[PDB]
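The structure appears right after this line, and notes come after that.
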Amino acid sequence: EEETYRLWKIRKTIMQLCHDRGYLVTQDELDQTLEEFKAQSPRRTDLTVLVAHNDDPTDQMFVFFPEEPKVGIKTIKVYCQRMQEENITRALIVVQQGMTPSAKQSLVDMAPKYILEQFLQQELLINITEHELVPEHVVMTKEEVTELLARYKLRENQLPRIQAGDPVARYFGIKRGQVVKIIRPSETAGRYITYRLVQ
Amino acid sequence: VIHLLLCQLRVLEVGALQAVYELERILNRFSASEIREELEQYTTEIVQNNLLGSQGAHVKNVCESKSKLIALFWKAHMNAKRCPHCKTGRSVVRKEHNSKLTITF
Amino acid sequence: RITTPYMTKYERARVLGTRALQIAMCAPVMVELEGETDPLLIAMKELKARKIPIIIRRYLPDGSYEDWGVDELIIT
DNA sequence: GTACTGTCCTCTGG
DNA sequence: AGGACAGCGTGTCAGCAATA
RNA sequence: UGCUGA
């Protein structure tokens, strides 16, 4: 019954990850304890969640928990079919051992039609975003980046870079070309604000 | 690889830095003329809509990208290989100490 | 119009240097010198009286510039 | 001095 | 693709003799 | 290259 503890931690972390992306999540899911998780729900196909977005109610996300410890191209297709038929665009695949290396470039191959993304199970046992040293990241909107570049007379290159595989760019699901504001809690100035172009 | 790198260089010359990965993904998602026309449309659209940036291209983050691209090219795609069009075109140049290059039969 | 109103120390140094190199090349002194042979003392005397017709052209990191008057600049 | 880049070097994948 | 490896690197500060 | 000074 440690499998259930792992399932509960991963589900809580994914609920927090979905709330930080701006999806409609209730307080109970974010404050759900183990005794009630196991009360509700055992399997790995009824842990799949489907969440809606604050705006764009059609824009929803779908979280998978594949059974195969090493997901492959066929496993990816089997529920890319589910997504294509239910009419969703985004997904999130929590894998237990990894993805066979061809799969990673397949997930990338699926054009903005159906954009997927993978997360290891050991990466979700804790919320890195809740570490002391990790600042708060905020994906800037297309109209705030323009005002930033205009205030500092900048170009989008010539800005600090954040890797597209950064453990906190993968969590906040930030695509390439997006600028993220970062609020460092500084011992010197309190709440220093920086900006990083995702690339 | 030849055409991808050609287009990436064409876009770097003006500063466009998202065009690099955009071209690479356009390629992967996609004959020789077929590849060229798929990439050259996007690359010309970039170089046209994003000109006026030849003076704003001599910045770090634009030199690192070109450096990495050309270094990866010279490092990974210039090894001796059986020839595509004629299967037996490996006239192996193999250079001894400087001042010496030796082709075989 | 958006940069600091005061005169940085580097600006004071360069303005004094240039005014002194001008005075030394036989330029008219608008400060009524009183027996001093140093052009740098004369340049300081002029800076204190707010008589220096020079235009500090502050350059921003993208080429854009702002032209300030040495008179319209708070000397600390 | 050690640790880095580099340099292939060619071994199991379509 | 697991390596084996050959390959570049720097190194505070001024004088004198003397000799290539 | 052998010395020397901070």
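Naming scheme: A, B, ... for chains in displayed order of the structure tokens; residues 1 onward per chain; ligands 1 onward as shown.
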Where in chain C does DSSP assign strand (DSSP E or B), given as an MDAnalysis selection string? chainID C and resid 6 55:59 65:69 74
Output as a PyMOL selection string the set of chain C residues within 12 Å of chain B, with distances taken over only C-alpha atoms. chain C and resi 61-63
Just N, CA, C and O atoms for this one: save the residues we selected as a short mmCIF file (atom, residue, chain, number, x, y, z; two decimals), in the first residue's frame.
data_model
loop_
_atom_site.label_atom_id
_atom_site.label_comp_id
_atom_site.auth_asym_id
_atom_site.auth_seq_id
_atom_site.Cartn_x
_atom_site.Cartn_y
_atom_site.Cartn_z
N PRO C 61 21.52 52.37 -24.40
CA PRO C 61 22.20 51.20 -24.96
C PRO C 61 21.71 50.76 -26.33
O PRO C 61 22.25 49.78 -26.86
N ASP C 62 20.71 51.42 -26.91
CA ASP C 62 20.22 51.04 -28.22
C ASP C 62 20.50 52.09 -29.29
O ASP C 62 19.98 51.97 -30.40
N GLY C 63 21.30 53.11 -28.99
CA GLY C 63 21.61 54.19 -29.91
C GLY C 63 20.82 55.46 -29.65
O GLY C 63 21.31 56.55 -29.94
#
Would you pick out the contacts of segment 21-28 of chain C at 9 Å or less, using only C-alpha atoms (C1' of nucleotides), so that residues sharing its chain but fewer than 5 positions from it are not included, and give the list as a ChimeraX atom specification? /C:16,38-40,42-43
Suppose we keep N, CA and C atoms; can you now write the selection as a PDB file, in the first residue's frame?
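Saved result, result-v4.pdb, follows:
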ATOM      1  N   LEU C  16      34.337  69.347 -16.810  1.00  0.00           N
ATOM      2  CA  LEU C  16      35.454  70.148 -16.327  1.00  0.00           C
ATOM      3  C   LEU C  16      36.671  69.984 -17.222  1.00  0.00           C
ATOM      4  N   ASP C  38      45.428  78.200 -13.046  1.00  0.00           N
ATOM      5  CA  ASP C  38      44.989  76.854 -13.395  1.00  0.00           C
ATOM      6  C   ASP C  38      43.712  76.919 -14.222  1.00  0.00           C
ATOM      7  N   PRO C  39      43.677  76.302 -15.406  1.00  0.00           N
ATOM      8  CA  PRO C  39      42.414  76.241 -16.156  1.00  0.00           C
ATOM      9  C   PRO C  39      41.371  75.353 -15.508  1.00  0.00           C
ATOM     10  N   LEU C  40      41.772  74.405 -14.659  1.00  0.00           N
ATOM     11  CA  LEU C  40      40.794  73.545 -14.006  1.00  0.00           C
ATOM     12  C   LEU C  40      40.100  74.267 -12.860  1.00  0.00           C
ATOM     13  N   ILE C  42      39.576  77.462 -12.953  1.00  0.00           N
ATOM     14  CA  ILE C  42      38.667  78.340 -13.681  1.00  0.00           C
ATOM     15  C   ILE C  42      37.439  77.571 -14.147  1.00  0.00           C
ATOM     16  N   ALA C  43      37.630  76.332 -14.602  1.00  0.00           N
ATOM     17  CA  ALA C  43      36.491  75.532 -15.038  1.00  0.00           C
ATOM     18  C   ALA C  43      35.560  75.223 -13.874  1.00  0.00           C
TER      19      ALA C  43
END
Do you know which residues are at most 10 Å from residue 44 of chain C counting only C-alpha atoms (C1' of nucleotides), after dropping those on the same chain fewer than 3 positions away, and could you put them as a PyMOL selection string? chain C and resi 12+15-17+19-20+31+39-41+47-50
What lies within 10 Å of residue 8 of chain E using only C-alpha atoms (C1' of nucleotides), ignoring chain neighbours under 6 positions off, as a PyMOL selection string? chain D and resi 4-6
Could those residues be written to a file, using N, CA and C atoms (P, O5', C5', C4', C3', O3' and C1' of nucleotides), as an mmCIF file, in the first residue's frame?
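This went into again_14.cif:
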data_model
loop_
_atom_site.group_PDB
_atom_site.id
_atom_site.type_symbol
_atom_site.label_atom_id
_atom_site.label_comp_id
_atom_site.auth_asym_id
_atom_site.auth_seq_id
_atom_site.Cartn_x
_atom_site.Cartn_y
_atom_site.Cartn_z
ATOM 1 P P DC D 4 35.486 17.889 -15.628
ATOM 2 O "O5'" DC D 4 35.551 18.575 -17.082
ATOM 3 C "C5'" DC D 4 34.948 19.856 -17.294
ATOM 4 C "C4'" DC D 4 35.561 20.570 -18.485
ATOM 5 C "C3'" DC D 4 35.175 20.011 -19.841
ATOM 6 O "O3'" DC D 4 34.002 20.673 -20.312
ATOM 7 C "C1'" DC D 4 37.545 20.356 -19.718
ATOM 8 P P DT D 5 33.111 20.036 -21.490
ATOM 9 O "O5'" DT D 5 33.872 20.459 -22.818
ATOM 10 C "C5'" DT D 5 34.328 21.778 -22.990
ATOM 11 C "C4'" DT D 5 35.277 21.829 -24.158
ATOM 12 C "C3'" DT D 5 34.690 21.269 -25.447
ATOM 13 O "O3'" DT D 5 35.060 22.075 -26.546
ATOM 14 C "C1'" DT D 5 36.664 20.107 -24.917
ATOM 15 P P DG D 6 34.393 21.815 -27.981
ATOM 16 O "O5'" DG D 6 35.340 20.718 -28.638
ATOM 17 C "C5'" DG D 6 36.743 20.846 -28.516
ATOM 18 C "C4'" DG D 6 37.457 19.655 -29.131
ATOM 19 C "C3'" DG D 6 36.757 18.990 -30.316
ATOM 20 O "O3'" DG D 6 37.750 18.537 -31.176
ATOM 21 C "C1'" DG D 6 37.207 17.389 -28.762
#
Would you pick out the contacts of segment 128-142 of chain A at 7 Å or less, using only C-alpha atoms (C1' of nucleotides), so that residues sharing its chain but fewer than 3 positions from it are not included, and give the list as a ChimeraX atom specification? /A:145-146,179-185
Name the residues of segment 36-96 of chain B that fall into helix (DSSP H, G or I) according to DSSP on the backbone, using the chain letters and numbers of this document, as a PyMOL selection string. chain B and resi 36-49+55-57+63-76
Could you take the residues named above and write them with N, CA and C atoms, as an mmCIF file, in the first residue's frame?
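Generated file (result_12.cif):
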data_model
loop_
_atom_site.group_PDB
_atom_site.id
_atom_site.type_symbol
_atom_site.label_atom_id
_atom_site.label_comp_id
_atom_site.auth_asym_id
_atom_site.auth_seq_id
_atom_site.Cartn_x
_atom_site.Cartn_y
_atom_site.Cartn_z
ATOM 1 N N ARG B 36 13.392 21.997 -49.918
ATOM 2 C CA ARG B 36 13.839 23.395 -50.087
ATOM 3 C C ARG B 36 12.625 24.316 -50.108
ATOM 4 N N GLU B 37 11.575 23.959 -50.827
ATOM 5 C CA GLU B 37 10.418 24.881 -50.949
ATOM 6 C C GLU B 37 9.688 24.969 -49.613
ATOM 7 N N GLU B 38 9.644 23.849 -48.881
ATOM 8 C CA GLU B 38 9.012 23.889 -47.539
ATOM 9 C C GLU B 38 9.780 24.859 -46.649
ATOM 10 N N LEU B 39 11.109 24.851 -46.715
ATOM 11 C CA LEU B 39 11.847 25.699 -45.747
ATOM 12 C C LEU B 39 12.040 27.105 -46.293
ATOM 13 N N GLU B 40 12.206 27.281 -47.594
ATOM 14 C CA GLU B 40 12.592 28.583 -48.122
ATOM 15 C C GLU B 40 11.454 29.587 -48.024
ATOM 16 N N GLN B 41 10.209 29.119 -48.093
ATOM 17 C CA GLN B 41 9.083 30.029 -47.918
ATOM 18 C C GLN B 41 9.130 30.683 -46.542
ATOM 19 N N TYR B 42 9.199 29.867 -45.487
ATOM 20 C CA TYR B 42 9.275 30.409 -44.137
ATOM 21 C C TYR B 42 10.514 31.276 -43.956
ATOM 22 N N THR B 43 11.658 30.838 -44.489
ATOM 23 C CA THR B 43 12.889 31.590 -44.268
ATOM 24 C C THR B 43 12.853 32.940 -44.971
ATOM 25 N N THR B 44 12.302 32.991 -46.181
ATOM 26 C CA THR B 44 12.181 34.269 -46.866
ATOM 27 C C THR B 44 11.167 35.160 -46.167
ATOM 28 N N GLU B 45 10.075 34.579 -45.666
ATOM 29 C CA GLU B 45 9.106 35.386 -44.937
ATOM 30 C C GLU B 45 9.747 36.016 -43.709
ATOM 31 N N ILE B 46 10.566 35.246 -42.990
ATOM 32 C CA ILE B 46 11.275 35.794 -41.835
ATOM 33 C C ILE B 46 12.230 36.897 -42.276
ATOM 34 N N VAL B 47 13.124 36.583 -43.213
ATOM 35 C CA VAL B 47 14.170 37.527 -43.595
ATOM 36 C C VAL B 47 13.565 38.814 -44.145
ATOM 37 N N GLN B 48 12.353 38.741 -44.702
ATOM 38 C CA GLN B 48 11.712 39.946 -45.222
ATOM 39 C C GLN B 48 11.011 40.717 -44.111
ATOM 40 N N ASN B 49 10.189 40.028 -43.314
ATOM 41 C CA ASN B 49 9.429 40.710 -42.271
ATOM 42 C C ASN B 49 10.323 41.136 -41.114
ATOM 43 N N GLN B 55 21.892 45.261 -38.183
ATOM 44 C CA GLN B 55 22.720 45.972 -37.219
ATOM 45 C C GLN B 55 22.477 45.484 -35.800
ATOM 46 N N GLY B 56 21.301 44.924 -35.531
ATOM 47 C CA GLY B 56 20.995 44.398 -34.216
ATOM 48 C C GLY B 56 21.132 42.893 -34.144
ATOM 49 N N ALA B 57 22.126 42.354 -34.848
ATOM 50 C CA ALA B 57 22.410 40.928 -34.828
ATOM 51 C C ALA B 57 23.747 40.589 -34.190
ATOM 52 N N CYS B 63 25.322 35.165 -31.493
ATOM 53 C CA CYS B 63 26.620 34.604 -31.831
ATOM 54 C C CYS B 63 26.792 33.210 -31.252
ATOM 55 N N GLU B 64 26.220 32.957 -30.076
ATOM 56 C CA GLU B 64 26.267 31.616 -29.512
ATOM 57 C C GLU B 64 25.523 30.628 -30.397
ATOM 58 N N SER B 65 24.385 31.041 -30.955
ATOM 59 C CA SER B 65 23.598 30.132 -31.778
ATOM 60 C C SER B 65 24.333 29.779 -33.065
ATOM 61 N N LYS B 66 24.876 30.781 -33.757
ATOM 62 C CA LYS B 66 25.634 30.506 -34.973
ATOM 63 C C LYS B 66 26.867 29.662 -34.671
ATOM 64 N N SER B 67 27.598 30.016 -33.612
ATOM 65 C CA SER B 67 28.738 29.212 -33.190
ATOM 66 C C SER B 67 28.341 27.754 -33.015
ATOM 67 N N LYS B 68 27.281 27.503 -32.245
ATOM 68 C CA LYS B 68 26.870 26.131 -31.977
ATOM 69 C C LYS B 68 26.442 25.421 -33.253
ATOM 70 N N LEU B 69 25.703 26.108 -34.124
ATOM 71 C CA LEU B 69 25.230 25.476 -35.352
ATOM 72 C C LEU B 69 26.398 25.039 -36.225
ATOM 73 N N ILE B 70 27.333 25.953 -36.489
ATOM 74 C CA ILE B 70 28.431 25.622 -37.391
ATOM 75 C C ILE B 70 29.369 24.607 -36.750
ATOM 76 N N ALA B 71 29.569 24.694 -35.432
ATOM 77 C CA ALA B 71 30.407 23.707 -34.763
ATOM 78 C C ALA B 71 29.787 22.319 -34.842
ATOM 79 N N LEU B 72 28.480 22.212 -34.602
ATOM 80 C CA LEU B 72 27.815 20.919 -34.709
ATOM 81 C C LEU B 72 27.895 20.381 -36.128
ATOM 82 N N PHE B 73 27.739 21.252 -37.126
ATOM 83 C CA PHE B 73 27.884 20.809 -38.507
ATOM 84 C C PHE B 73 29.266 20.216 -38.745
ATOM 85 N N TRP B 74 30.315 21.008 -38.509
ATOM 86 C CA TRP B 74 31.668 20.520 -38.753
ATOM 87 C C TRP B 74 31.991 19.285 -37.921
ATOM 88 N N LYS B 75 31.323 19.106 -36.781
ATOM 89 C CA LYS B 75 31.698 18.028 -35.875
ATOM 90 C C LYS B 75 30.960 16.729 -36.172
ATOM 91 N N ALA B 76 29.752 16.806 -36.727
ATOM 92 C CA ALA B 76 28.912 15.622 -36.852
ATOM 93 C C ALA B 76 28.616 15.213 -38.286
#
Near chain A, 10 Å: chain B residue rows, closest pairs, only C-alpha atoms, as CSV:
residue,atom,partner,partner_atom,distance
B:15,CA,A:157,CA,8.2
B:16,CA,A:157,CA,8.3
B:17,CA,A:157,CA,7.0
B:18,CA,A:177,CA,6.7
B:21,CA,A:176,CA,8.9
B:22,CA,A:176,CA,9.5
B:25,CA,A:109,CA,7.9
B:26,CA,A:111,CA,9.3
B:28,CA,A:109,CA,7.1
B:29,CA,A:109,CA,5.8
B:30,CA,A:109,CA,9.3
B:56,CA,A:155,CA,8.5
B:57,CA,A:157,CA,9.0
B:58,CA,A:158,CA,10.0
B:59,CA,A:158,CA,6.6
B:60,CA,A:158,CA,6.8
B:61,CA,A:157,CA,6.5
B:62,CA,A:157,CA,7.5
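For the choices A:102, A:114, A:69, A:85, the atom-to-atom distance to chain D is smallest for A:102 when using only C-alpha atoms (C1' of nucleotides).
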